[PDB]
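Notes follow once the structure below has been shown.
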Amino acid sequence: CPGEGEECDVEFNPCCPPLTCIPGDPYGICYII
Numbered sequence: 096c097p098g099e100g101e102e103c104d105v106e107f108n109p110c111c112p113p114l115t116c117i118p119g120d121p122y123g124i125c126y127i128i
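First residue of the sequence shown: 96, per the numbering used here; consecutive thereafter.
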C-alpha cells in the first residue's frame, strides 16, 4: 500500500495510513486531511 505523497487507486490499491486518495479517477495521490 502507498503513503503520503504516493499514487493510490480507489478500486484495489487504497491508502494505508489516515490519508485520502485525490483525485482517484482512476488513480490519484494520498493526501493528509
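For each residue, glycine too, the CB sits at the ideal point set by N, CA and C.
Which residues does DSSP list as the beta-bridge partners of residue i?
i: residue 102; result: 124
i: residue 118; result: 123
When the Cα atoms are used, what is the spatial distance from residue i to residue j?
i: residue 106; j: residue 98; result: 16 Å
i: residue 118; j: residue 124; result: 7 Å
i: residue 131; j: residue 120; result: Because residue 131 is not part of the residues shown, which for the chain are 96 to 128, the question remains open.
i: residue 172; j: residue 108; result: Only positions 96 to 128 of the chain appear in this structure, which leaves residue 172 out of reach.
For residue i, which residues of its own chain have a beta-carbon under 7 Å away from its beta-carbon, when the five flanking residues on both sides are left out?
i: residue 127; result: 99, 114
i: residue 110; result: 96, 97, 103, 116, 125
So, at 8 Å on beta carbons, what are the nonlocal neighbours of residue i in its own chain, with the 5 sequence-adjacent residues on each side left out?
i: residue 112; result: 98, 99, 125
Within the same chain, show all residues whose beta-carbon is closer than 6 Å to that of residue i, passing over the 5 residues directly before and after it, in chain order.
i: residue 122; result: 102, 104
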